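Accompanying notes for the structure given below.
As a convention, Cβ positions derive from the backbone with ideal geometry for all residues, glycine included, and neighbour counts pool all protein chains shown. FYI, it's all coordinate maths here, none of it is from the lab.
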Amino acid sequence: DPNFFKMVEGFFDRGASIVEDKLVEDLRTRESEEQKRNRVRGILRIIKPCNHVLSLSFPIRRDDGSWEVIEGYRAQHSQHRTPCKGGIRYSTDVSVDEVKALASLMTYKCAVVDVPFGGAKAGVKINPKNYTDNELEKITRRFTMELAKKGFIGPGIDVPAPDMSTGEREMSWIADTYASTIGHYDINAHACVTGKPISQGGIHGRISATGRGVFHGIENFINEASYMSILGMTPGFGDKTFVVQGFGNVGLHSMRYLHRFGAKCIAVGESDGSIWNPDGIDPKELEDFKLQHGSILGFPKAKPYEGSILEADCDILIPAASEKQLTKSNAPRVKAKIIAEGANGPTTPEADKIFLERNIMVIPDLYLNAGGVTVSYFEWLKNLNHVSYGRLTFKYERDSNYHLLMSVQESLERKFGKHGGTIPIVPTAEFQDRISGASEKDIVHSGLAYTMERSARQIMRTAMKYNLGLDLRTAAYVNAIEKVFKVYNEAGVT
Amino acid sequence: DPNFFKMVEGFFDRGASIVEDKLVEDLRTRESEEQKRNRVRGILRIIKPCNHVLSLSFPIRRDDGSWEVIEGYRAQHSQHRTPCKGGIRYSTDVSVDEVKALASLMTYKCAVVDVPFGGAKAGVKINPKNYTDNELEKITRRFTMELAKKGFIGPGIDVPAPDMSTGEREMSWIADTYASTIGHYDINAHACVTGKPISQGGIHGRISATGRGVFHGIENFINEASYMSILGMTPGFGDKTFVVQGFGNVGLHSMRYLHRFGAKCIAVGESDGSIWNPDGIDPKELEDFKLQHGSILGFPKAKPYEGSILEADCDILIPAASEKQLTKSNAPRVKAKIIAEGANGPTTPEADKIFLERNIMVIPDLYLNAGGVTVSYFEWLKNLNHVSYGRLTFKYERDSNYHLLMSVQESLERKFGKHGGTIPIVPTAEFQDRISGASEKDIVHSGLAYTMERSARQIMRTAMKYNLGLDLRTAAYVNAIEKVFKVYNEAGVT
Amino acid sequence: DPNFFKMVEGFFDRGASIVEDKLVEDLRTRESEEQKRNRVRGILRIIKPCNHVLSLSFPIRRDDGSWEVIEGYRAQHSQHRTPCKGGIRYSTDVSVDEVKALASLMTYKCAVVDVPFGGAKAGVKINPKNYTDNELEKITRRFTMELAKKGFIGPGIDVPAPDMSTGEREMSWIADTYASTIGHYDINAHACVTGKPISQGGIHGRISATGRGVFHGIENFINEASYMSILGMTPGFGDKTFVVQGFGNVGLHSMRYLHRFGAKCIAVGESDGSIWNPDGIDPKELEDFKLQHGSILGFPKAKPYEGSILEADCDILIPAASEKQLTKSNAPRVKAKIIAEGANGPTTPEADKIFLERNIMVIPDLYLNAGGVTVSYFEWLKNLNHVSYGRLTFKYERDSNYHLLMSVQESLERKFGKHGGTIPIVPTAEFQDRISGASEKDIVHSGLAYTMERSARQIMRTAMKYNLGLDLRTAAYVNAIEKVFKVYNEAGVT
C-alpha cells in the first residue's frame, strides 16, 4: 500500500498531463506567439512544489519537570492566494512530507469548491494522550507564539483549521495566544483563527456540516440522469439502499440526512461489528444505542451482520474514517453500485482502475469532504463582517413576503372578489415556521448546498470536456489544476 | 478651441457662483450669526485647488541599454474623502495641469453619483508604442514602487483606475508591485487596485458597464415627460432614431442596448467613414463586419453616408471617443433633438450656448460616463468583502420565492380549490431562467441602474431648484459642488 | 572521513559532558535546592538544537526562459540572542543539515570572542558558474524578498554575512532588495546587512582582517611561556620557521604579517606545487609572482619542494582553505611543533588524539577564524552609529598629546631649564606619522587585536580550569558552551 502522498503526487501528475495537453491547444496557443508547450510545463512545475516549510524545535517544561524539545512542521503550499487555511494536527510520527502533501491536498480542495484560500498544514510530533491538559495547552501556546514571531499565523496570511485530533478548546487557546502575542488592535484580528466557539463568533451547525455535505454530494450525482443510466440503475431518490463503514460524526450525519431524504440503511458497518436489517436502521435509535452501549452490536430488532460490509448488495457504500479498507482484491468482490468516499484515500488507485473496468461509480473524496472547509470559510467571513448573517434583513424579508401576500389578496378581491372574500394572505405552515424560525444556520445551509451544487456541476462539465466518463476523481483534479493554472498565469510574476 | 482644463475651471466657477448665491440664503445664514458671504467664499476657495501634486523623475534601463529618466505626475485633488480613485495614463505630452484638472473632474464625477471617493490622476510622459512590453512593465513597476514609497498608492489613500490607454495587465503588474513593496500582510491589501482580472477578484461585466450606463442615462431622460414636452417631441421609447460618432466600446455597447430597448440606429458615423440605412443597422452584423473588415464601410444592405453625421435628422446623437468634433459653427447646423455626450468635452461651451438658444437638449458627460466609476467602486467593495455578491443568498431567495408560490397555491386550493386544482406554483419562464441564471453580474447591473436613476433624479431636482431649464451640465456641476461643500463645511478643519 | 557535522556534534557533546560535570558542582548546586543534574541536562538539551529552519522553493526565469524552481535553506540556531549573523552560500549539494551545523558553529564562534550575535546560515542549491550574472542577481533578489516576507532578514533579527563564494556585489544587491521590500524608513535599516562596500558604510581593512586575526592568534600563544615550555621549544618571536598550505587570502595576509613580525617562511605549500627555500620567501615578491604567473612554482632564487609540505621540519604549520588534508596517518609523520588551523576542520579528531599523544600543539580553528566575524560586528556597529570611528576625537586626542608634551617642556624648563632649552615637545617620527595618519582602520585593528587577546586569555584560563593541557579546541568549546549556558539559564523562559 503506497502512502497517501505518492497518491496525491500521482493524481497531480495525471491531471497535469491531461490539462497540459488541452491548454496548449485552445487558449495558451493564442496567449503567446512562441512555443507554449515549455511555457505551460514551466507553469506546472512552478505550481507543483510547496513554497514554504518551516520546522520549530521549541522547549517545553513538563508537569514533573523535563525541559524537553518539541518539533513542529508548518507547510504553506503557495502564496498565489494570500489568505491560506491550514489544519493543525497533534500526532506522533508526523513528517515534513506529511504537511507538504496535506497542504497540497488542502489547496486543491479549496480550489475545487471555489473557496479563495491557499493550502497549509501544521503537524506537531507529540502524543496527546501521554501529556496532560495543562501540558497540551502550554505546547499549543508555545507553538502559536513561535509561529507568530515568524509571521505565519494571522488573518492576512494563514488561518488555523481544526483537524479530527484537535478540539475547539485548543483553538480558543490559539486565539488567546495570538491576541496576546500580536495584539487585538486590528479589527481583523478577531478573524485570526476559525473553529471558534459560538460565543466567540463561531458559526452554527459546523459539526454537522461535513456530514451534511456528503448528503448533498451524493444527491447531486443521484439526480443526474446520464450517470445513473450509464451505471444501469434507476435514480434512487427514495428506494436506494446504502451502508456506511464506521460510526464517525460525518457518517452519523450522512446517514441521518439520507434517512430523512427517504433512503434506507439496510446495514451499518463498523470495525467493532456490523449490524444487518432487512429494510433499514433507525438513525435516532441507533444513535441512542451507540451513545449508551458504545457499540452498535445488539441493536433491538436487528441481527449482527456476518461477513464483509463492503461486499453487501447495497446501492451506495460510504466509507468514513477509513484508510485503504477497500483494496485491489476488494474491488472485484464488492457489488455496490456507487462508492462515495467520506474519508481521505479509502480506496487504492488499482481498485479505482478495477472499478472503472466494472463500471462502478466512485465519487471523489475531494468534492465530498469540502463541506467543512466551506463552512469554515463562511465562519471566517462572518468574523470579518462581525455580524450574524441576515440579522438586519430577516424582518425586512418577512415584511416583504407579507406585503406580497396582501397585494395578491387585494388584487383577487378586486377581480374575483365580487362574491365572498379570498384569503391568500395565510402562509404555508412550513413557510410560516421557517419565517418565525429564520436564523443564520439556514443561511449557512443554503450557502453550503449552493456551493456543493456548483462544484458538482463544474466537475460534471469538466468530466464531459476531457472525456472522463467515470473517473470523477481525475476530473476534479483537472478542474482544480486548471483553476490554479489560471490564477497563476494571469497573475504577474516578479 | 480652449483646453479642457480652462473648460473645467470655468464650469466650476459658474457652478460656484450660483451655489454661493443660494447657500448664504437658506442654511449658511442660520449656520453662523456673522457675515457668511466671506465664509462661503473661503470654503469655495479651499475646495477649488488640488491638494497634492508630486513629480517623479525615476531612472529606467532600456532593452538596448540607455539609463534614461522618466517623469511621472501624480495629483490627488483633496483628502476630504480619504479613499481616492485615480486613473493612470501613459501618454506623451502629459503635464501637471493635465493631472490636476483630471483629478478635479474625477472627484466631481464621483460626487455626482454619490460614490465615496476623492479624485486623483497619474500621468506618465512616455509613448507606449515606442517601448516594448518588458520596458513598459519595468516602467510600471518602477513608477508603482516610487509612488508607494511616498505613501500615495494604497487601499486607504488612493486606488488606481484603468484609463483607455492602460490595459488590465498593467494593473496586474501594479498589484504585484504593491504586494511586493508594501506586503500582503493586510487583508485590505487585496483591494489595493481596481480593474483586476476576474480570477484576481475582478468584477464581471466591467467592459460593458460604461456603455450600459449611457443606455440607462438617456433612458432616465427619455422617460421624463416634462423635458420631452419642453423639447417638443413625443417620448421616443421605441420610435426614437439615434446615431453615434465613432465605434468605441462604449458606443458599441450603447447602440446594442438601445437596439435591444427598441430604438433604431438609422446611421453610424465614424472617422474612417459613415454608413446610412433607411431604418436601422443590426448591431451584431455591424459588429461582425467591423471585427473582420476593420471598417464599417461596405456593410451589406447599406449605403455609405455622404455628408456630416452630426447634421443628420436623428432624434439622438451620441459622440463617443470624440474631442470637440461639434464646434460653434456645428451647433446651429445640427438638427438632432438630443445630444448625449459619451466622451469628455465633445462640444464647446459656445456650442452649448447655441444649443440653449435653439432648445436642443444636452445631456452632461459627467453623468453619463460615471458607469465605469460606479462599477469600479462596486469591484473595490467586492474585493474588501472578499465574497462574490449574493453567493450566500441566491438559494435562500429562490427558496423564499418557491415558498411564497406554494403558499399562494395552498390558499387558492383552500378558497377556490373546491373544484379542480390550481397551479400558481409554476414561475414565469423568464423568471425561472433568471432564478436558475442568478449571478453577481445581475446584482452589479441592478446597482448600476439604481445609482444612475438616483443621479438622474437628483440632477433633475437640482435643475428645477436653480431654474436651469435645459443647462443640465451646470445643474450637475452645482449638485457636485453642493455635495463637496457640505462634506467640507460640516467636517472639522484643523 | 566523517562529515564536519558529526564532528561539530561530537565536539559539542564532549564539551557539554565536561561542563555539566562542573556546573552542578559550583554554582548550579546553590542555584536550586532540588536535584540539578537533570536541570542542567535539560538546559543543555534545549541549547543543542537549531530553533528555526525554513526551506524556500521559489521560481526563477532563466535568460533563455526555463521557469524553474530554486531551493534555499535558512537556519537560525537560536534566538537567545536577538541579533543573529548568518553567512550566505551559493553552492550545489547544500542540505538542511549543512545550514544547521554551520549555524551552530557560527553561534559558538560568536560566543568564544564575546560577539553578541546568534548563529545562522543560508544555503542555496545552485551552481554559480552555470548561471550568468543577471540570473544570479535575480536569484539573490528573489531569495531576499522571500526571506524578508517571512521576517528573517533584518537588522533586528538576522544580518547576512559574506561567505567565500559570495562577493560584496551580491550584498549590495541584497541591501537594495531589503530597502525595496521593507523600506528605508527605519534608521537601523542601513545596518541591515554587513559586508557592504566602503562608499555604502563598509568597514576598511575587512579583507585582511581574517588573516590578520591569525597573525594575532598564533602570537597570543607564542608569547605564553608555559605552553612553549611544555612543547619544549624556546618562544620563537623572530626565529620561528613557518609554512602554509594553500595560497588563500587569509594565508597571504598571515604570512605577510608573520614576515613583518620577523618570522621566516622556509617553504610555501600549495595544491598545484610547493616551493622550498633555505631561509625564507619574500611575501611581496611571491605575491607578485603568483598574481602574474598564477602559480608559485618557478619562483626566482627558489627550488620547488619535493615531498609533502605537512612533513616539513617547520616550527609552525598553517593549513588554509583546506579540508581534512591532515589525516590520521599524517599526524605521526608530521614533525611540525605547532599546527594552526586557518580553515574549518583541517584535521581529523583521530589526528587530534595522535597530536595529544605526541605533544604537538593544535590551535583551534574556532578562535583563529573569528577575526572576520569580529570585524563584521564592528562594521555593523559603525552602520548603526552612522559615524566613521574616531572622526570627532582624532584632533582632540592629538591636541591633548601636544598639550601634554608642552606641559612637560614647561616643567623641565622650570626645573632643569636654568641653562639651555629642553625640547621634549618633538614627537617620535613613528608617533608623529601615526598622529598624522590616524584613521578608522587603526581603531578597527586595535579592537580586533584586543578582542583576540581577550579570547586567547579566556581560552587559556578555561583550559587550566578543566585540566585540558593541550586540547585547546575542547577548552574553547567548553568556554562557548558555558557562556551560552549562562545567558540561557539566567534569562527567563516562557
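In terms of overall dimensions, the C-alpha atoms belonging to segment B:52-200 reach 48, 36, 26 Å along their principal axes, ordered largest to smallest.
Computed from the C-beta positions of residue C:483 and residue A:271 and an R0 of 45 Å, the FRET efficiency is 0.20 to the nearest 0.05.
May I ask you to derive the FRET efficiency for residue A:179 and residue C:226 from their Cβ-Cβ distance with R0 = 60 Å, giving the value to the nearest 0.05? Let's see the in-between values first.
Values: r = 60 Å, r/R0 = 1.00.
Calculated value: 0.50.
Look at the dipole of segment C:175-305 built from charges on Cβ: of C:192, C:225, C:263, the Cα furthest out on the positive end belongs to C:263. DSSP bridge analysis restricted to chain C gives an antiparallel fraction near 40%, rounded to the nearest 5. Amide H to amide H distances under 5 Å link residue A:347 with A:324, where only residues 5 or more positions off or on other chains count and H is placed in the peptide plane.
Using only alpha carbon pairs under 8 Å that are at least six residues apart, calculate the relative contact order of segment B:201-494 and give it in whole percent. If you can, show how the numbers build up before the last one.
Values: 427 pairs, mean separation 52.9, N = 294.
Worked out over segment B:201-494, it gives 18 percent.
For segment B:166-227 and segment B:115-149, compute the distance between their C-alpha centroids and round to whole Å. So the separation of the two Cα centres works out to 17 Å.
For segment A:247-300, the direction-averaged projected area of the alpha-carbon convex hull comes to 3.4 nm².
Taking amide hydrogens as placed 1.01 Å from N in the peptide plane, the amide H of residue B:241 sits under 5 Å from those of B:315, B:316, each at least 5 positions away in sequence or on another chain. Partners of residue B:303 within straight-line reach, counting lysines whose Cα lies under 19 Å from its Cα and excluding those fewer than 8 residues away in the same chain: B:264, B:284, B:290. Evaluate the Debye formula for the protein assembly as shown with equal point scatterers sitting on the alpha carbons, no solvent, and hand back log10 of I(q)/I(0) at q = 0.04, 0.05 Å⁻¹, in q order, two decimals. The Debye formula, applied to the Cα set alone, gives -0.38, -0.57. Couplings for segment B:120-131, taken from phi via the Karplus curve 6.51 cos²θ - 1.76 cosθ + 1.60 with θ = phi - 60°, read 8, 7, 10, x, 10, 7, 7, 9, x, 5, 5, 8 Hz in order; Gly and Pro are left as x.
Using Cα pairs under 8 angstrom and six or more residues apart, how large is the relative contact order of chain A, in percent?
On the way: 822 pairs, mean separation 71.2, N = 494.
Across chain A, relative contact order equals 14 percent.
Zone of residue B:399 (label point 7 Å along Cα→Cβ, backbone N under 17 Å): which residues in segment A:401-420? Label zone hits: A:401. Scanning residues 5 or more positions from residue A:428 or on other chains, those with amide H under 5 Å from its amide H are B:407, with H placed 1.01 Å from N in the peptide plane. Looking at the protein assembly as shown alone, DSSP beta bridges between its own residues are antiparallel in about 45 percent of cases. On a per residue basis, the convex hull of the C-alpha atoms belonging to chain C measures out at 207 Å³.
Residue by residue, segment A:185-191 carries 3J(HN,Hα) couplings of 5, 6, 5, 5, 4, 5, 8 Hz when phi is fed to the Karplus relation 6.51 cos²θ - 1.76 cosθ + 1.60 (θ = phi - 60°); x denotes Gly or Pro.
Normalised by the number of residues in segment A:212-340, the mean separation of alpha-carbon contacts (under 8 Å, six or more apart) gives a relative contact order of 24 percent. Is the shape of segment C:128-171 best called rounded, prolate or oblate, per the rule: a/c under 1.5 gives rounded, else a/b larger than b/c gives prolate, else oblate, with a ≥ b ≥ c the square roots of the Cα gyration tensor eigenvalues? Here segment C:128-171 falls in the oblate category. Under 17 Å from a label point set 7 Å out along the Cα-to-Cβ vector of residue B:324, the amide N atoms of segment B:349-378 belong to B:349-354. Largest first, the three principal axis extents of the alpha carbons in segment B:201-494 are 73, 66, 41 Å in whole numbers. Restriction of the trypsin sites (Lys or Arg not before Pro) in segment B:97-187 to DSSP coil positions whose beta-carbon has at most 10 other beta-carbons within 10 angstrom yields B:129.
Translational D (Stokes-Einstein, µm²/s) of segment B:168-316 at 25 °C and 0.890 mPa s when Rh comes from the Kirkwood sum over C-alpha pairs? In µm²/s, the coefficient rounds to 137.
The charge dipole of the protein assembly as shown, taken about its Cα centre with unit charges on the Cβ of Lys, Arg, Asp and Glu (plus for the first two, minus for the last two), comes to roughly 1620 debye.
Find how much the distance from residue C:295 to residue C:13 grows on full extension, using 0.36 nm per residue of separation minus their present alpha carbon separation; answer in nm with one decimal. Could you put the intermediate results ahead of the total?
On the way: separation 282, 0.36 × 282 = 101.52 nm, distance 4.21 nm.
Extra length available between residue C:295 and residue C:13 comes to 97.3 nm.
Rounded to the nearest Hz, the phi-derived 3J(HN,Hα) couplings of segment A:155-170 under the Karplus curve 6.51 cos²θ - 1.76 cosθ + 1.60 (θ = phi - 60°) are x, x, 9, 8, 10, x, 10, x, 7, 4, 6, 9, x, 6, 5, 4, where x marks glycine and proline. Counting only Cβ charges, +1 for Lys and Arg and -1 for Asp and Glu, the dipole size of chain B around its Cα centre is about 920 debye.
Would you please name the chymotrypsin sites (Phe, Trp or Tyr not before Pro) within segment C:170-212 that are DSSP coil residues with at most 11 other C-beta atoms within 10 Å of their C-beta? Show your work: numbers first, answer last.
Working: sites: C:173, C:178, C:185; in loops: C:185.
Listed in order of number, the matching sites are C:185.
Bridging of residue A:6 to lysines at a Cα separation below 23 Å is possible for A:48, A:85, A:100, A:109, A:121, A:125, A:324, A:328, A:353, A:483, once same-chain residues fewer than 8 apart are set aside. With each label modelled as a point 7 angstrom along the Cα→C-beta vector, the residue A:353-residue C:198 pair spans 7.0 nm. The alpha-carbon of residue B:418 sits under 21 angstrom from the alpha-carbons of these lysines, leaving out residues fewer than 8 places away in its chain: A:415, A:418. Counting from the shortest, the label point at residue B:34, 7 Å from Cα toward Cβ, is 7.0, 7.6 nm from the same position in each remaining copy. Between segment B:271-302 and segment C:60-75, what's the alpha-carbon centroid distance in Å? Segment B:271-302 and segment C:60-75 have Cα centres separated by 52 Å.
Which GluC sites (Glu not before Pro) in segment A:269-369 pass both tests, a DSSP loop state and at most 16 other beta-carbon atoms within 10 Å? All intermediate terms of the calculation are to be shown ahead of the outcome.
Details: sites: A:270, A:285, A:287, A:306, A:311, A:323, A:341, A:350, A:357; in loops: A:270, A:306, A:323, A:341.
Within segment A:269-369, the qualifying GluC sites (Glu not before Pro) (loop, at most 16 other Cβ atoms within 10 Å) are A:306, A:323.
Ratio of alpha-carbon Rg to the 2.2 N^0.38 Å globular estimate for segment A:1-51, to two decimals, please.
Normalised Cα radius of gyration, segment A:1-51: 1.34.
Computed as a quarter of the hull surface, the mean projected area of the alpha carbon convex hull for segment B:147-235 stands at 8.6 nm².
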